[PDB]
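Contents: one structure, followed by commentary.
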Amino acid sequence: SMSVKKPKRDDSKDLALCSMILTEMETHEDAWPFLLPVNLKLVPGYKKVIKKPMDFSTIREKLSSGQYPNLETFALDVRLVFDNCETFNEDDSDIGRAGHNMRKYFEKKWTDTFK
């Protein structure tokens, strides 16, 4: 509270470490459904159903331009990628299985890096 602060967690490497994680996700062979934004002109239903589209290129741009205030907002956008994928795709589809694999991959890198 006022003039009573918790100890300082060192966050000075967070930017670099999230960049590294994102590189690893971008280079995973199952990243293909997530590399670019879904083309809302060509994919029926996507625009109306998925209220907050997200993709890795958009996260990369946001990260590169200071649009994440902290590592939790970065993680929120990554998870939104996989949440959207589960919303729109059957579990037993190539894209649906890709999304589950990438979420697992991410959460392991996240734990190993920060927790």
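Under the authors' numbering, residues 1856 to 1970 are what the sequence shown spells out, in order.
Beta carbons: idealized from backbone N, C-alpha and C, even for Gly.
Cα-Cα separation between residue i and residue j, rounded to whole angstroms
| i | j | result |
| --- | --- | --- |
| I1950 | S1856 | 46 angstroms |
| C1940 | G1954 | 6 angstroms |
| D1910 | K1861 | 35 angstroms |
| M1880 | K1970 | 19 angstroms |
| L1897 | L1891 | 14 angstroms |
| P1888 | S1867 | 32 angstroms |
| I1905 | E1945 | 15 angstroms |
| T1882 | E1927 | 22 angstroms |
The alpha helix (DSSP H) enclosing residue i, as first and last residue numbers
| i | result |
| --- | --- |
| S1912 | 1911-1919 |
| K1963 | 1949-1969 |
| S1874 | 1869-1881 |
| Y1901 | 1901-1904 |
| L1891 | Neither: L1891 is in no alpha helix (DSSP H) and is coded neither H nor E. |
| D1946 | Here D1946 belongs to no alpha helix (DSSP H), and DSSP marks it neither H nor E. |
Residue i versus the options, residue with shortest Cα-Cα distance
| i | options | result |
| --- | --- | --- |
| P1899 | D1932, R1934, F1943, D1947 | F1943 |
| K1963 | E1945, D1947, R1934, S1948 | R1934 |
| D1938 | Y1960, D1869, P1908 | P1908 |
| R1864 | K1902, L1890, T1913, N1925 | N1925 |
| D1932 | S1948, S1920, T1913 | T1913 |
Contacting residues, own chain, Cβ-Cβ under 6 angstroms from residue i (five flanking each side not counted)
| i | result |
| --- | --- |
| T1878 | none |
| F1929 | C1873, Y1923 |
Close-in-space but distant-in-sequence residues of the same chain around residue i (CB under 8 angstroms, 5 per side omitted)
| i | result |
| --- | --- |
| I1876 | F1961, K1964, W1965, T1968 |
| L1918 | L1870, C1873, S1874, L1877, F1929 |
| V1893 | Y1901, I1905, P1908, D1910 |
Residues near residue i in its chain [Cβ-Cβ closer than 7 angstroms; skip 5 each side]
| i | result |
| --- | --- |
| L1895 | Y1901, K1902 |
| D1885 | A1953, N1956, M1957 |
Contact test: residue i Cβ vs the ligand MN heavy atom, cutoff 7 angstroms
| i | result |
| --- | --- |
| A1953 | This structure does not include the ligand MN; it has no bound ligands of any sort. |
Chain B contact for residue i (CB, 8 angstroms cutoff)
| i | result |
| --- | --- |
| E1884 | The chain labelled as chain B is not found in the depicted structure, where only one protein chain is given. |
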